[PDB]
Protein chains: 4
Amino acid sequence: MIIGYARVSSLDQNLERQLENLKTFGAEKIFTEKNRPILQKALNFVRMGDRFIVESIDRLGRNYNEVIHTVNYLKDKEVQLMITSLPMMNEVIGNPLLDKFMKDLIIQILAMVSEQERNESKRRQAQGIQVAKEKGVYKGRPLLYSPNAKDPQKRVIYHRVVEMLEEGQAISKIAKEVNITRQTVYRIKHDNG
Amino acid sequence: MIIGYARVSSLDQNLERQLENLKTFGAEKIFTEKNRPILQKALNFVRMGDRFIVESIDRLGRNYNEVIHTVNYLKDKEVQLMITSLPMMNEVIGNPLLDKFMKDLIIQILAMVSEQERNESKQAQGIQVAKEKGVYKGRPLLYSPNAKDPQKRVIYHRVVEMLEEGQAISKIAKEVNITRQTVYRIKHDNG
Amino acid sequence: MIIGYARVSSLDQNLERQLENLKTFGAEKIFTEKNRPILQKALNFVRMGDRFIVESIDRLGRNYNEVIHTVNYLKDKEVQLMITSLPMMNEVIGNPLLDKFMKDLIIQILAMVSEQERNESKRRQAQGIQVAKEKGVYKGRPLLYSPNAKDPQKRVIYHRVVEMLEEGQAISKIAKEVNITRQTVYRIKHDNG
Amino acid sequence: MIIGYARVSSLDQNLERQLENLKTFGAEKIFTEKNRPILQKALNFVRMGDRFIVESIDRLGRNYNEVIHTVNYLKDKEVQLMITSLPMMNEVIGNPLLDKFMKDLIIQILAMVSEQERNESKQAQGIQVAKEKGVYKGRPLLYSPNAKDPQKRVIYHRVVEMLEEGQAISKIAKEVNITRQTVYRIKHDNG
DNA sequence: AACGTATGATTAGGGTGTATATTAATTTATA
DNA sequence: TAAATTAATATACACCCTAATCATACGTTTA
DNA sequence: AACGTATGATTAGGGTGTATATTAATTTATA
DNA sequence: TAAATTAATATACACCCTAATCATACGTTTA
């Protein structure tokens, strides 16, 4: 049993035409939406063997995700899905594959879209990083002990290290006195000049 | 003639694999994107009878509306479109009648999604017919040439200069005591 | 009528002795504190002509400020105040004029004390400033436009001024362009080197 | 012999006025404080029979207990004490019986006030018989020699050094990323 | 018009104290 | 553990110092 | 013992995006 | 005034980059 479903788009307020359209494709019974509850009602009405007709994909849901649900539904209840606006929906519909086909493809595409958004986050991040990484921004860790250094205290330490170098102290002593690695002290040394 | 087209996603930098996968589907000749000009080149290369292969919808355009253009292009030049991840496309392929259909469908689905994502984040284009055709509403730019306080003006410029100089956002912000979000704003706006 | 008032100090818990002591000076009726409400009671009891006896100043209040109140009270109701611990206290109040006296002096002193704490604030402050002012710390206003300068933006401005100087632009133009005084620009000039 | 003693209060820097104000009461010889050593000097100068003049109680000591000492001293050496802002004292100094009395009284009043102000703010002296005669309670000094983290030790010292060098508190704080109160703590503790 | 140079006011960057509610680190009582 | 106890920190309130700047003005020299 | 010099791990100072509740500044509707 | 509307700011959440440092070890040279 052929079933239609219409719902006036706020940009396309005409109804009647839409209706006629539907019948023009066989719509025997037609639900009309005044949350879209009617829709659900219609979907519950149809069953294996019937054909559900609508003018355009978007009439199957307020957002893509929902469309998926809708289509899925029909797919399981094994109801033919027919969409008016599609050129040649007519000659093709008679193809043994087209149904299963159209249904799946729609789902796919759509899903391939959601998991594009669920990553819009990182994507733009990774996108930005890369751009930067190209500009030569990421430069590892900056000196932890040296003037300018973030933490003012380390600045103090840095200086004392130096002072202790001019004072001619011994590396080992410097290290222990400032709780630093020898290597590090050396770095401060061959760095000072 | 089977033709592939690859372009490394910033999140998926591997290339080689992508390549092989293309060949795995028949790609004889393969164009690689290093604006996406290569793409346009590949599209011009193909012609009635060939098959254009790609890994995923998005490789056909930076934004959906471009994809539409792409797909539409192929549809008219009558080139088979094949997407590595919507494998079933394989079937219908080879029956000139159904091929159109797919494209046609692919289009509608996308064209639709182009709203559900376009009617959500509403806009630096309304500042060319409201501020360039009258007087703009809301607070005025604090940092930009013209700006009331001359010093801000100076700052604005330095921000820019530092952008061309390719400096990092964070550094700019701190150097000018501004928010990143603001520097951003100065960025998008410059153009 | 001679009236005494006792209240055991937590450091001096003996009572009885204190009592005797009071009587030893004439206490006919004696109030004993077990907020110090009894005290207020006793104070209300006395009247012009009576003598209020206590062992020590502090028995007149929980803090100096209160003692003042107490004493002031007695002074107005014209009640003789006597304090035991004072050497020659009798020899003293055996004169009628040494009453007015003691009362006033106490008040004075005490007041001259509160008005010492009332300023303990500014005192230590002014005290500290001075020390510093001596150490040569206070150094006026530091440069507003120059590298290092507090506000990063002005730092930016400073530089641009310079740049515009090397670029050989004119003072006046610099000034207007950076919303600064000529004098100031000159300062930046006659400074750079 | 009438003797005065002046010392400019940091809140009342005028000197000269204070001086005359002393002479206005008879001050023949006047000692001026530039620890208060002059004061002690003046006190040693006076002899039974003389009168010691000062503007206000507080000029007799840095803290109350010292005043007591001062007053007591004068009381024994039998020197008249006369305080400028408690003018009514003049009415009586003549007679030595009322003189003692006043002092005696002045003492009690003060001795008293010495509690109402001593039993309120409850101490860097209990760290010489608890931490220098056992083990100290509470958190350990974070900045001080001995301190666990060696770097902290280094900082501590620099704070000190900067104190002797006579630097300003605020600067010290910022330079060592410490709180002012903390720097204070290091100050009072040093000695 | 810019430049060069003054002069009295206002000022922003720096200072001096004090005090309280929190969050550390330790030793020392319970349960 | 759960106290008890003392160090730091984070914040506020209150108000002090003083050379840079600002606002101004006024001859003189460059455009 | 220090010095001189390596080598693999961990890391702290720097980065990249995004998003929300507030507090600015303006123009533009009311009442 | 009271909206309405757009700029900045102040903060958080999420997670990426990478040369200094740390921890280590191991011959060699100074005390």
# chains A, B, ... in the order shown; residues from 1 in each chain; ligands from 1

call {"tool": "calpha_fit_and_write", "arguments": {"fixed": "chain D", "moving": "chain B", "output": "CSV table (one decimal) with C-alpha atoms, in the first residue's frame"}}
result
chain,number,residue,atom,x,y,z
B,1,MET,CA,67.3,72.0,87.7
B,2,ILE,CA,64.6,71.6,85.1
B,3,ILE,CA,65.5,69.1,82.3
B,4,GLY,CA,63.7,68.3,79.2
B,5,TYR,CA,64.0,65.4,76.7
B,6,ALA,CA,62.7,65.3,73.2
B,7,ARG,CA,62.5,62.7,70.5
B,8,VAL,CA,60.7,63.1,67.2
B,9,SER,CA,57.9,60.6,66.7
B,10,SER,CA,58.1,59.3,63.1
B,11,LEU,CA,54.4,60.4,62.8
B,12,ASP,CA,55.3,63.8,64.4
B,13,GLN,CA,58.5,65.0,62.7
B,14,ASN,CA,58.8,68.7,63.8
B,15,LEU,CA,61.4,68.8,66.6
B,16,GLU,CA,61.6,72.5,67.0
B,17,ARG,CA,58.0,72.8,68.1
B,18,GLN,CA,58.5,70.0,70.6
B,19,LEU,CA,61.6,71.9,71.8
B,20,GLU,CA,59.8,75.2,72.4
B,21,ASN,CA,57.0,73.4,74.2
B,22,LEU,CA,59.5,71.9,76.5
B,23,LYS,CA,61.0,75.3,77.4
B,24,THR,CA,57.5,76.6,77.7
B,25,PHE,CA,57.4,74.5,80.8
B,26,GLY,CA,60.8,75.4,82.1
B,27,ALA,CA,63.2,73.1,80.4
B,28,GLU,CA,66.6,74.7,81.2
B,29,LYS,CA,68.8,72.0,79.6
B,30,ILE,CA,67.4,69.7,76.9
B,31,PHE,CA,68.7,66.4,75.6
B,32,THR,CA,67.6,65.3,72.1
B,33,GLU,CA,67.5,61.8,70.7
B,34,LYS,CA,68.8,61.5,67.1
B,35,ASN,CA,67.8,52.0,71.4
B,36,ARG,CA,67.4,55.5,72.8
B,37,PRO,CA,70.9,56.2,74.3
B,38,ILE,CA,70.5,59.9,74.8
B,39,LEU,CA,67.5,59.2,77.0
B,40,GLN,CA,69.6,57.0,79.3
B,41,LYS,CA,72.2,59.8,79.3
B,42,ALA,CA,69.7,62.4,80.4
B,43,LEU,CA,68.3,60.1,83.1
B,44,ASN,CA,71.8,59.7,84.5
B,45,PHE,CA,72.3,63.5,84.5
B,46,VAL,CA,69.2,64.3,86.7
B,47,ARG,CA,69.4,64.0,90.4
B,48,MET,CA,67.4,64.5,93.5
B,49,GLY,CA,65.7,67.9,93.3
B,50,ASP,CA,65.5,68.3,89.5
B,51,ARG,CA,62.5,67.9,87.3
B,52,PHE,CA,62.5,65.8,84.2
B,53,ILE,CA,60.1,67.1,81.5
B,54,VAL,CA,58.8,65.3,78.5
B,55,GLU,CA,55.9,65.7,76.1
B,56,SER,CA,54.3,62.3,76.4
B,57,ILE,CA,54.5,59.0,78.3
B,58,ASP,CA,55.9,57.2,75.3
B,59,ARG,CA,59.0,59.3,75.2
B,60,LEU,CA,60.0,57.4,78.3
B,61,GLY,CA,60.4,54.1,76.5
B,62,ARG,CA,60.0,52.1,73.3
B,63,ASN,CA,57.5,49.8,75.0
B,64,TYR,CA,55.5,50.2,78.2
B,65,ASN,CA,57.7,47.9,80.3
B,66,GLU,CA,60.6,50.2,79.6
B,67,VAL,CA,58.5,53.2,80.6
B,68,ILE,CA,57.9,51.4,83.9
B,69,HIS,CA,61.7,51.1,84.3
B,70,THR,CA,62.1,54.8,83.4
B,71,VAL,CA,59.5,56.0,85.8
B,72,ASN,CA,60.6,53.7,88.5
B,73,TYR,CA,64.2,55.0,88.0
B,74,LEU,CA,63.1,58.6,88.5
B,75,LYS,CA,61.0,57.6,91.4
B,76,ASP,CA,64.0,56.3,93.3
B,77,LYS,CA,66.4,59.0,92.4
B,78,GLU,CA,63.6,61.2,93.6
B,79,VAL,CA,63.3,63.3,90.5
B,80,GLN,CA,60.1,65.1,89.7
B,81,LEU,CA,58.4,63.7,86.6
B,82,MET,CA,56.3,66.1,84.5
B,83,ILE,CA,54.5,65.3,81.3
B,84,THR,CA,53.4,68.1,79.0
B,85,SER,CA,50.2,66.5,78.2
B,86,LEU,CA,49.0,65.5,81.7
B,87,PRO,CA,49.3,69.1,82.9
B,88,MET,CA,47.4,68.6,86.1
B,89,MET,CA,50.4,66.6,87.3
B,90,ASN,CA,51.7,70.1,87.9
B,91,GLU,CA,49.5,70.4,91.1
B,92,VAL,CA,50.5,67.4,93.2
B,93,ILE,CA,54.1,68.1,92.1
B,94,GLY,CA,56.1,69.7,94.9
B,95,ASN,CA,54.7,67.7,97.7
B,96,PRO,CA,57.1,64.7,98.0
B,97,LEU,CA,54.3,62.6,99.4
B,98,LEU,CA,51.9,62.8,96.5
B,99,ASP,CA,54.7,62.8,93.8
B,100,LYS,CA,55.6,59.2,94.7
B,101,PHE,CA,51.9,58.4,94.5
B,102,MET,CA,51.5,59.7,91.0
B,103,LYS,CA,54.5,57.7,89.7
B,104,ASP,CA,53.2,54.7,91.7
B,105,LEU,CA,49.8,55.2,90.2
B,106,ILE,CA,51.2,55.8,86.7
B,107,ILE,CA,53.0,52.6,87.0
B,108,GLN,CA,50.0,50.5,88.1
B,109,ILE,CA,47.9,51.9,85.3
B,110,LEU,CA,50.6,51.2,82.8
B,111,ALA,CA,51.5,47.8,84.3
B,112,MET,CA,47.9,46.9,83.8
B,113,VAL,CA,47.6,48.1,80.2
B,114,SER,CA,50.7,46.0,79.6
B,115,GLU,CA,48.4,42.9,79.8
B,116,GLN,CA,45.3,44.0,77.9
B,117,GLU,CA,47.8,44.5,75.0
B,118,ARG,CA,50.1,41.5,75.8
B,119,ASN,CA,47.3,38.9,76.1
B,120,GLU,CA,46.1,39.7,72.6
B,121,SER,CA,48.7,39.1,69.9
B,122,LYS,CA,50.2,35.7,70.8
B,123,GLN,CA,55.2,34.5,69.4
B,124,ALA,CA,58.8,34.0,68.1
B,125,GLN,CA,60.2,33.2,71.6
B,126,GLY,CA,58.6,29.8,71.9
B,127,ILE,CA,60.9,28.6,69.2
B,128,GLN,CA,63.9,28.4,71.6
B,129,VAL,CA,62.5,25.9,74.1
B,130,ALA,CA,60.4,23.8,71.7
B,131,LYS,CA,62.6,23.7,68.6
B,132,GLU,CA,65.8,24.3,70.6
B,133,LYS,CA,64.7,21.8,73.3
B,134,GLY,CA,63.0,19.0,71.3
B,135,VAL,CA,61.1,19.0,68.0
B,136,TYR,CA,58.9,21.9,66.7
B,137,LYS,CA,55.2,21.3,65.8
B,138,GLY,CA,53.5,22.4,62.6
B,139,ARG,CA,54.9,22.9,59.1
B,140,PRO,CA,58.7,23.3,58.8
B,141,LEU,CA,60.3,26.4,57.4
B,142,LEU,CA,60.3,26.3,53.6
B,143,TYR,CA,62.9,29.0,53.2
B,144,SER,CA,65.8,28.9,55.7
B,145,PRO,CA,69.1,27.1,55.8
B,146,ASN,CA,68.7,23.4,56.6
B,147,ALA,CA,65.4,23.4,54.6
B,148,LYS,CA,64.8,20.2,52.7
B,149,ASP,CA,65.1,21.5,49.1
B,150,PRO,CA,68.7,22.9,48.7
B,151,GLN,CA,67.5,25.5,46.2
B,152,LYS,CA,65.1,27.0,48.7
B,153,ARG,CA,68.2,27.3,50.9
B,154,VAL,CA,69.9,29.3,48.2
B,155,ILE,CA,66.9,31.5,47.9
B,156,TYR,CA,66.7,32.1,51.6
B,157,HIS,CA,70.3,33.4,51.7
B,158,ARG,CA,69.8,35.7,48.7
B,159,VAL,CA,66.8,37.1,50.5
B,160,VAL,CA,69.0,37.9,53.5
B,161,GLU,CA,71.8,39.2,51.4
B,162,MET,CA,69.3,41.5,49.8
B,163,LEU,CA,68.2,42.6,53.2
B,164,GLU,CA,71.6,43.6,54.4
B,165,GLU,CA,72.2,45.2,51.0
B,166,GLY,CA,69.3,47.3,52.2
B,167,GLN,CA,67.0,46.5,49.3
B,168,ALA,CA,63.2,47.2,49.4
B,169,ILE,CA,60.8,44.5,50.5
B,170,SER,CA,58.6,44.6,47.4
B,171,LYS,CA,61.6,44.3,45.2
B,172,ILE,CA,62.9,41.3,47.2
B,173,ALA,CA,59.5,39.6,47.0
B,174,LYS,CA,59.2,39.9,43.2
B,175,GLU,CA,62.9,39.0,42.7
B,176,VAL,CA,62.5,35.8,44.6
B,177,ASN,CA,58.8,35.1,43.8
B,178,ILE,CA,57.9,35.1,47.4
B,179,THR,CA,55.3,36.8,49.5
B,180,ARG,CA,56.1,40.0,51.3
B,181,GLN,CA,54.7,38.4,54.5
B,182,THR,CA,57.3,35.7,54.0
B,183,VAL,CA,60.2,38.0,53.4
B,184,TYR,CA,59.1,39.8,56.6
B,185,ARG,CA,59.3,36.5,58.4
B,186,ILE,CA,62.8,36.0,57.2
B,187,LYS,CA,63.6,39.4,58.5
B,188,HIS,CA,62.4,39.2,62.1
B,189,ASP,CA,63.8,35.8,62.3
B,190,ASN,CA,67.3,36.9,61.3
B,191,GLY,CA,68.9,37.9,64.6

call {"tool": "select_by_dssp", "arguments": {"residues": "stretch 14-51 of chain D", "states": "alpha helix (DSSP H)", "output": "VMD selection string"}}
result
chain D and resid 16 to 23 37 to 45

call {"tool": "calpha_fit_and_write", "arguments": {"fixed": "chain A", "moving": "chain C", "output": "short mmCIF file (atom, residue, chain, number, x, y, z; two decimals) with C-alpha atoms, in the first residue's frame"}}
result
data_model
loop_
_atom_site.label_atom_id
_atom_site.label_comp_id
_atom_site.auth_asym_id
_atom_site.auth_seq_id
_atom_site.Cartn_x
_atom_site.Cartn_y
_atom_site.Cartn_z
CA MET C 1 0.13 0.03 0.41
CA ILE C 2 1.61 3.29 -0.78
CA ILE C 3 1.97 5.91 1.91
CA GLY C 4 3.01 9.52 1.62
CA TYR C 5 4.21 12.05 4.20
CA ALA C 6 4.27 15.75 3.74
CA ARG C 7 5.48 18.64 5.83
CA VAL C 8 5.61 22.23 4.63
CA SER C 9 9.11 23.71 4.62
CA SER C 10 9.07 27.25 6.09
CA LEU C 11 10.66 28.40 2.81
CA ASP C 12 8.17 26.31 0.78
CA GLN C 13 4.72 26.96 2.28
CA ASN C 14 2.23 25.53 -0.23
CA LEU C 15 1.12 22.16 1.13
CA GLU C 16 -1.55 21.38 -1.46
CA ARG C 17 0.99 21.16 -4.30
CA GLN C 18 3.19 18.92 -2.17
CA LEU C 19 0.10 16.75 -1.53
CA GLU C 20 -0.84 16.38 -5.20
CA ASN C 21 2.80 15.67 -5.97
CA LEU C 22 2.66 12.80 -3.51
CA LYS C 23 -0.49 11.30 -5.02
CA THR C 24 1.11 11.78 -8.44
CA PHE C 25 3.41 8.98 -7.35
CA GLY C 26 0.79 6.73 -5.83
CA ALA C 27 0.28 7.97 -2.30
CA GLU C 28 -2.90 6.23 -1.18
CA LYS C 29 -2.89 7.42 2.43
CA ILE C 30 -1.10 10.62 3.41
CA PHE C 31 0.16 11.84 6.75
CA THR C 32 0.66 15.55 7.23
CA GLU C 33 2.82 17.22 9.85
CA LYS C 34 1.24 20.36 11.34
CA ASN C 35 9.55 17.36 17.04
CA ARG C 36 7.71 15.85 14.05
CA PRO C 37 5.32 13.39 15.78
CA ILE C 38 3.09 12.73 12.77
CA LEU C 39 6.15 11.41 11.00
CA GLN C 40 6.84 8.85 13.70
CA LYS C 41 3.16 7.95 13.54
CA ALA C 42 3.34 7.31 9.80
CA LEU C 43 6.50 5.30 10.20
CA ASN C 44 4.73 3.07 12.70
CA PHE C 45 1.87 2.59 10.31
CA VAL C 46 3.87 1.23 7.40
CA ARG C 47 4.81 -2.45 7.37
CA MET C 48 6.73 -4.90 5.21
CA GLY C 49 5.45 -4.56 1.65
CA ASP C 50 4.37 -0.91 1.73
CA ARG C 51 6.10 2.00 0.06
CA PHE C 52 6.84 5.20 1.96
CA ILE C 53 6.84 8.27 -0.27
CA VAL C 54 8.25 11.70 0.46
CA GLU C 55 9.29 14.68 -1.57
CA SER C 56 12.85 15.12 -0.28
CA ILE C 57 15.42 13.54 2.06
CA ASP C 58 15.03 16.28 4.64
CA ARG C 59 11.41 15.37 5.23
CA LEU C 60 12.76 12.31 6.98
CA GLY C 61 14.38 14.24 9.80
CA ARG C 62 15.20 17.49 11.62
CA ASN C 63 18.92 16.79 11.04
CA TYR C 64 20.97 14.22 9.17
CA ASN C 65 21.51 12.01 12.23
CA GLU C 66 17.73 11.60 12.36
CA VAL C 67 17.40 10.84 8.66
CA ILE C 68 19.78 8.00 9.22
CA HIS C 69 17.54 6.70 11.96
CA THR C 70 14.48 7.08 9.73
CA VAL C 71 16.03 5.37 6.76
CA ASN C 72 17.53 2.69 8.93
CA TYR C 73 14.07 2.11 10.40
CA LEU C 74 12.45 1.63 7.01
CA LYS C 75 15.31 -0.58 5.94
CA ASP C 76 14.63 -3.01 8.78
CA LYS C 77 10.87 -3.02 8.58
CA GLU C 78 11.59 -3.70 4.91
CA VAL C 79 9.54 -0.81 3.57
CA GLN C 80 10.28 0.62 0.14
CA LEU C 81 11.61 4.15 0.32
CA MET C 82 10.89 6.54 -2.43
CA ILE C 83 11.89 10.10 -2.90
CA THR C 84 10.04 12.36 -5.30
CA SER C 85 12.56 14.99 -6.34
CA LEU C 86 14.97 12.38 -7.71
CA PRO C 87 15.18 12.29 -11.50
CA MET C 88 14.12 8.86 -12.72
CA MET C 89 13.18 7.77 -9.18
CA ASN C 90 10.42 5.53 -10.58
CA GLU C 91 12.65 4.04 -13.29
CA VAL C 92 14.78 3.23 -10.28
CA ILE C 93 12.44 1.55 -7.80
CA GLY C 94 10.68 -0.29 -10.62
CA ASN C 95 13.50 -2.68 -9.90
CA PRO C 96 13.30 -4.36 -6.51
CA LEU C 97 17.03 -4.44 -5.86
CA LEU C 98 17.58 -0.76 -6.28
CA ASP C 99 15.74 -0.42 -3.05
CA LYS C 100 18.23 -2.15 -0.73
CA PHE C 101 20.79 -0.09 -2.63
CA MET C 102 19.44 3.43 -2.27
CA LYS C 103 18.72 2.74 1.39
CA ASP C 104 22.24 1.59 2.16
CA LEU C 105 24.04 4.26 0.15
CA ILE C 106 22.07 7.02 1.88
CA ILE C 107 23.00 5.62 5.26
CA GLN C 108 26.63 5.25 4.22
CA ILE C 109 27.16 8.71 2.84
CA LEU C 110 25.48 10.25 5.86
CA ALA C 111 27.51 8.22 8.30
CA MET C 112 30.64 9.06 6.36
CA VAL C 113 29.55 12.62 7.14
CA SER C 114 29.01 12.45 10.87
CA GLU C 115 32.37 10.72 11.19
CA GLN C 116 33.74 13.80 9.49
CA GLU C 117 32.31 16.23 11.99
CA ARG C 118 33.09 13.93 14.92
CA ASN C 119 36.63 14.93 14.08
CA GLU C 120 36.18 18.51 12.94
CA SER C 121 37.89 19.20 16.26
CA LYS C 122 41.29 17.59 15.93
CA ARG C 123 41.04 18.48 12.29
CA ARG C 124 41.23 22.22 12.64
CA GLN C 125 43.68 21.74 15.50
CA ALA C 126 46.04 19.46 13.57
CA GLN C 127 45.40 21.78 10.67
CA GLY C 128 46.63 24.78 12.67
CA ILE C 129 49.52 23.02 14.31
CA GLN C 130 50.92 21.94 10.96
CA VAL C 131 50.70 25.44 9.55
CA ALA C 132 52.67 26.66 12.55
CA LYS C 133 55.07 23.74 12.64
CA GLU C 134 55.87 24.98 9.14
CA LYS C 135 56.38 28.54 10.33
CA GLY C 136 59.02 27.13 12.69
CA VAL C 137 57.20 27.98 15.89
CA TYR C 138 57.42 24.84 17.98
CA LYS C 139 60.89 25.16 19.52
CA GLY C 140 61.05 22.53 22.23
CA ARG C 141 61.69 23.45 25.83
CA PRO C 142 63.26 26.82 26.63
CA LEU C 143 66.00 27.10 29.27
CA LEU C 144 64.85 26.27 32.75
CA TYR C 145 67.71 27.98 34.48
CA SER C 146 68.78 31.32 33.08
CA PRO C 147 67.69 34.89 33.50
CA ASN C 148 64.31 35.52 31.82
CA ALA C 149 63.27 31.96 32.69
CA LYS C 150 59.57 31.63 33.57
CA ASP C 151 59.88 30.73 37.28
CA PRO C 152 61.62 33.63 39.10
CA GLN C 153 63.20 31.29 41.64
CA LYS C 154 65.07 29.34 39.09
CA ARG C 155 66.28 32.71 37.88
CA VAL C 156 67.71 33.16 41.35
CA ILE C 157 69.28 29.76 41.21
CA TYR C 158 70.83 30.37 37.82
CA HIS C 159 72.61 33.43 39.11
CA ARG C 160 73.90 31.73 42.20
CA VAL C 161 75.31 29.00 39.98
CA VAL C 162 77.20 31.63 38.02
CA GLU C 163 78.36 33.49 41.11
CA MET C 164 79.66 30.17 42.40
CA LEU C 165 81.48 29.69 39.12
CA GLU C 166 83.31 33.04 39.24
CA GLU C 167 83.98 32.35 42.93
CA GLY C 168 85.80 29.40 41.36
CA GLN C 169 84.01 26.68 43.35
CA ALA C 170 83.92 23.07 42.10
CA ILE C 171 81.30 21.68 39.78
CA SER C 172 80.22 18.83 42.02
CA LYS C 173 79.74 21.17 44.92
CA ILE C 174 77.68 23.55 42.78
CA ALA C 175 75.47 20.74 41.59
CA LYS C 176 74.69 19.45 45.08
CA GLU C 177 74.27 22.92 46.45
CA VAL C 178 71.67 23.79 43.88
CA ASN C 179 70.17 20.33 43.36
CA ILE C 180 71.06 20.36 39.69
CA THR C 181 72.91 18.02 37.35
CA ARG C 182 76.54 18.53 36.62
CA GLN C 183 75.76 18.48 32.92
CA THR C 184 73.37 21.30 33.57
CA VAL C 185 75.90 23.37 35.47
CA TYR C 186 78.31 22.82 32.61
CA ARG C 187 75.64 24.07 30.25
CA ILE C 188 75.40 27.20 32.34
CA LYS C 189 79.17 27.51 32.21
CA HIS C 190 79.83 26.75 28.57
CA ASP C 191 76.97 29.22 28.00
CA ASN C 192 78.18 32.19 30.09
CA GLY C 193 80.26 34.33 27.75
#

call {"tool": "atom_distance", "arguments": {"atom1": "atom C1' of residue F:23", "atom2": "atom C1' of residue E:8"}}
result
9.8 Å

call {"tool": "closest_atom_pairs", "arguments": {"of": "chain G", "to": "chain B", "cutoff": "9 Å", "atoms": "only C-alpha atoms (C1' of nucleotides)", "output": "tab-separated table"}}
result
residue	atom	partner	partner_atom	distance
G:14	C1'	B:170	CA	8.4
G:15	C1'	B:170	CA	7.2
G:24	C1'	B:139	CA	7.9
G:25	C1'	B:139	CA	4.7
G:26	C1'	B:139	CA	5.2
G:27	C1'	B:137	CA	5.8

call {"tool": "atom_distance", "arguments": {"atom1": "atom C1' of residue H:28", "atom2": "atom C1' of residue G:4"}}
result
8.2 Å

call {"tool": "closest_atom_pairs", "arguments": {"of": "chain G", "to": "chain A", "cutoff": "8 Å", "atoms": "only C-alpha atoms (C1' of nucleotides)", "output": "Markdown table"}}
result
| residue | atom | partner | partner_atom | distance |
| --- | --- | --- | --- | --- |
| G:2 | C1' | A:172 | CA | 7.0 |
| G:12 | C1' | A:141 | CA | 7.0 |
| G:13 | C1' | A:141 | CA | 5.7 |
| G:14 | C1' | A:138 | CA | 7.2 |
| G:15 | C1' | A:138 | CA | 6.6 |
| G:16 | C1' | A:129 | CA | 5.0 |
| G:17 | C1' | A:125 | CA | 4.5 |
| G:18 | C1' | A:121 | CA | 7.2 |

call {"tool": "write_last_selection", "arguments": {"atoms": "C-alpha atoms (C1' of nucleotides)", "output": "PDB file, in the first residue's frame"}}
result
ATOM      1  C1'  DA G   2      86.393  15.407  40.569  1.00  0.00           C
ATOM      2  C1'  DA G  12      58.326  22.082  32.056  1.00  0.00           C
ATOM      3  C1'  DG G  13      57.844  25.962  29.221  1.00  0.00           C
ATOM      4  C1'  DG G  14      55.500  26.860  24.880  1.00  0.00           C
ATOM      5  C1'  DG G  15      51.608  25.730  21.324  1.00  0.00           C
ATOM      6  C1'  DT G  16      47.159  24.585  18.924  1.00  0.00           C
ATOM      7  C1'  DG G  17      41.961  24.588  18.961  1.00  0.00           C
ATOM      8  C1'  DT G  18      37.156  25.285  21.164  1.00  0.00           C
TER       9       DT G  18
END

call {"tool": "select_by_dssp", "arguments": {"residues": "stretch 1-172 of chain B", "states": "strand (DSSP E or B)", "output": "number ranges by chain"}}
result
B: 2-6, 9, 12, 29-32, 51-54, 80-83

call {"tool": "residues_around", "arguments": {"residues": "residue H:3", "least_positions_apart": "5", "cutoff": "12 Å", "atoms": "only C-alpha atoms (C1' of nucleotides)", "output": "list in words"}}
result
residues 27, 28, 29 and 30 of chain G

call {"tool": "write_last_selection", "arguments": {"atoms": "N, CA and C atoms (P, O5', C5', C4', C3', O3' and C1' of nucleotides)", "output": "tab-separated table (two decimals), in the first residue's frame"}}
result
chain	number	residue	atom	x	y	z
G	27	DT	P	27.13	55.31	17.71
G	27	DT	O5'	25.83	54.51	17.31
G	27	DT	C5'	25.91	53.50	16.31
G	27	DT	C4'	24.60	52.76	16.18
G	27	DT	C3'	23.37	53.62	15.86
G	27	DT	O3'	22.59	52.94	14.86
G	27	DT	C1'	22.99	52.40	17.86
G	28	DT	P	21.19	53.57	14.37
G	28	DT	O5'	20.14	52.93	15.37
G	28	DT	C5'	20.04	51.51	15.47
G	28	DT	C4'	18.83	51.14	16.30
G	28	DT	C3'	17.60	52.01	16.01
G	28	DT	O3'	16.43	51.20	16.10
G	28	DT	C1'	18.11	52.13	18.29
G	29	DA	P	15.20	51.46	15.11
G	29	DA	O5'	14.05	50.56	15.76
G	29	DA	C5'	13.12	51.12	16.69
G	29	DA	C4'	13.16	50.37	18.00
G	29	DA	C3'	11.89	50.60	18.81
G	29	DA	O3'	11.45	49.41	19.46
G	29	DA	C1'	13.74	51.38	20.06
G	30	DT	P	9.89	49.27	19.86
G	30	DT	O5'	9.47	50.80	20.01
G	30	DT	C5'	8.48	51.21	20.95
G	30	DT	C4'	9.00	51.08	22.36
G	30	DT	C3'	8.05	51.67	23.40
G	30	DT	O3'	7.86	50.77	24.49
G	30	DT	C1'	10.19	52.70	23.61

call {"tool": "interface_residues", "arguments": {"of": "chain H", "to": "chain B", "cutoff": "10 Å", "atoms": "only C-alpha atoms (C1' of nucleotides)", "output": "list in words"}}
result
residues 4, 5, 6, 7, 8, 9 and 10 of chain H
